[PDB]
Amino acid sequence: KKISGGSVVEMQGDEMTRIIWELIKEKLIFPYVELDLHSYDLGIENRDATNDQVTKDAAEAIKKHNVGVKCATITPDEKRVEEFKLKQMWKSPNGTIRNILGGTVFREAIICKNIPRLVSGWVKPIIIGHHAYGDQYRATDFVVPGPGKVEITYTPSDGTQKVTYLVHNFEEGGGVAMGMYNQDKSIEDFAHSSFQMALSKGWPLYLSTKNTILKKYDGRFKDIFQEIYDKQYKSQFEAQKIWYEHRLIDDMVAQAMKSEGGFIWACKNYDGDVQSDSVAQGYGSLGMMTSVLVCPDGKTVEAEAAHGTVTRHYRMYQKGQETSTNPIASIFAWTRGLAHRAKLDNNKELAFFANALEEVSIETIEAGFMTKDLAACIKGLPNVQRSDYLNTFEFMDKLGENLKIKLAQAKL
């Protein structure tokens, strides 16, 4: 009787999201879908036990099966080394996985009619993608201890004359200096992933840069996107009545603020971390922010929540205290992964199910059943009372009962 789901790579994670992840599987997925799960435990102590090889193996399995669904993981810092007695500060699994796959991470906010938006006008979500988590990760920085010239040079491999550019002549005192870069192939992958994302959604695409200032650096992004668009995607976009345009970031922000949402935005910038995005943080609930890593081909995806492991809630849970952890972004990591699996395999039953679970999630909240973070979006955190929300387990139970009702009603 269960839906034949097919091959899905699953990456288990840490702390509160690891608890919610199991509730999702037990209550929302496994009662209705049978899957050929290729499970990789990306929990912090199994990552330490395999010297982070499990992360690389999981990344390779996604490349092989084209569908990944990942739970939030701990990115180690020095406290985590003291906490778990780690071998070394293992790098972010999110960073390791998208490096190995060569994809673009697109973020999307899950919208509910009763949850106020930062901008009232935004009727459809805005999907934003960044170039390999931002240029901040491709920087080489140092202290200039005193006077002297800082220069950036390019020495051709073919033996042609080197080109030197003056960064700054420090005439008196010191300062700081740094070098950043991008490879053409990485920009091309970013363009292809962005065009594929726009065609799969049936929404227009904008690329934003600061090409008025970084005329050469940002100009290259504008040129590569336009070249790829004209040659390969223009007719396909026209057929769906969508378009692609470059925008100076100044105009893009003003435009996005006056729009109704419903577009893809390839944002060329320095910091692609969701944590430092004031609009992502201003929505009031990181629990509603999902992410999808899309590839140039448009055939491989890895879906995960944009939020972290929710350590503060995990500490309450460890003491037997009630929590109200929002599972929506984690649920949409499963629905987005399953929707892609269903598309690749022409599995109408799995496609129907994946959409129904997203609908049930939104309808539950729209009917006034929600976690504390969402009740705080409506009333303001100081005005929230216990009767305004459901705890983590009550909310999962409500979704499970509404999903059973949705699928029972559908049989007719």
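In this text, rigid core is short for the largest set of C-alphas that superpose within 1.5 Å between two forms. Residue numbers here begin at 1 and follow the sequence given.
Novice: Between 172-180 and 108-116, pick out the one whose C-alpha positions differ more from the shown form in 5 other deposited structures of this protein, using the rigid core for superposition.
Specialist: Relative to the shown form, the greater RMS C-alpha distance in 5 other deposited structures of this protein belongs to 172-180.
Novice: Fitting on the core, do the C-alphas of 87-95 or of 205-213 deviate more in 5 other deposited structures of this protein?
Specialist: Per-stretch check in 5 other deposited structures of this protein: the more divergent one is 205-213.
Novice: I'd like to know whether residue 133, which is modelled here, goes unmodelled in a third or more of the other compared entries that cover its flanking residues.
Specialist: Result for residue 133: often missing, at least a third of the compared entries.
Novice: May I ask you to compare 337-345 and 198-206 by their mean CA B factor in the entry and name the higher one?
Specialist: Between 337-345 and 198-206, it is 337-345.
Novice: Higher average CA B factor in the deposited record is what I'm after, so tell me if that's 91-99 or 234-242.
Specialist: Mean B over CA atoms: larger for 91-99.
Novice: Whose CA atom has the top B-factor in the entry, of 82, 189, 135, 260?
Specialist: So the option with the highest C-alpha B-factor is 82.
Novice: Using the entry's values, work out which of 255, 161, 140, 212 has the largest Cα B factor.
Specialist: Within the set 255, 161, 140, 212, 161 shows the top C-alpha B-factor.
Novice: Quick check on the deposited entry: does the C-alpha B-factor of residue 18 sit in the lowest, middle or highest third of its chain?
Specialist: Lowest third - that is where residue 18 ends up once the chain's C-alpha B-factors are sorted.
Novice: What third of the chain, by the recorded C-alpha B-factor, contains residue 296?
Specialist: Highest third of the chain for residue 296's C-alpha B-factor.
Novice: Ranking the modelled residues of this chain by C-alpha B-factor as given in the entry, is residue 157 in the lowest, middle or highest third?
Specialist: According to the entry, residue 157 has a C-alpha B-factor in the chain's highest third.
Novice: Give the position of residue 388 by CA B-factor within its chain, expressed as the lowest, middle or highest third.
Specialist: Lowest third - that is where residue 388 ends up once the chain's C-alpha B-factors are sorted.
Novice: By its CA B factor, does residue 304 count among the lowest, middle or highest third of the modelled residues in the chain?
Specialist: Middle third - that is where residue 304 ends up once the chain's C-alpha B-factors are sorted.
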